[PDB]
Amino acid sequence: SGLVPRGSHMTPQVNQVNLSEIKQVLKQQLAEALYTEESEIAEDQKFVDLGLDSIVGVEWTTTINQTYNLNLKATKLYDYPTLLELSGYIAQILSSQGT
């Protein structure tokens, strides 16, 4: 199951890179980067409320670049403070890498 939430829904055979894929991936990635559980993270909550500091934000932006073979910086963490925003941008890049 590539999307195993705590209590939300799952999706069927989705070969494309859907928003939920990156959002849920980013959740695990955010909770670990903040030394916490995915049980506290929200899709619509600001990373700073989860504990995202300016240092943690700039180092975590690198994890995502490596994860998708992209290039982003701390500017992303300040323009997209939520998983839905952070995932939305990447969704388009991934959905476009395999035109």
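Add 10 to a position in the sequence shown, counting from 1, and you land on the number used in this note's numbering. For every residue, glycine included, the Cβ atom is placed at its ideal position computed from N, Cα and C.
Proximity below 8 Å, CB of residue i to CB of residue j
| i | j | result |
| --- | --- | --- |
| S97 | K56 | no |
| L29 | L60 | no |
| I51 | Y78 | no |
| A43 | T73 | yes |
| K37 | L93 | yes |
| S105 | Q26 | yes |
Among the options, nearest to residue i - alpha-carbon criterion
| i | options | result |
| --- | --- | --- |
| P15 | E47, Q23, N25 and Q26 | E47 |
| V68 | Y90, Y99, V27 and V35 | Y90 |
| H19 | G108, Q26 and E31 | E31 |
| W70 | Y45, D54 and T109 | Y45 |
| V58 | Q76, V35, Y88 and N75 | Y88 |
| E53 | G17, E95, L13 and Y99 | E95 |
Three or more C-beta pairs under 8 Å: does that hold for the segment 80-98 against the segment 62-72? yes
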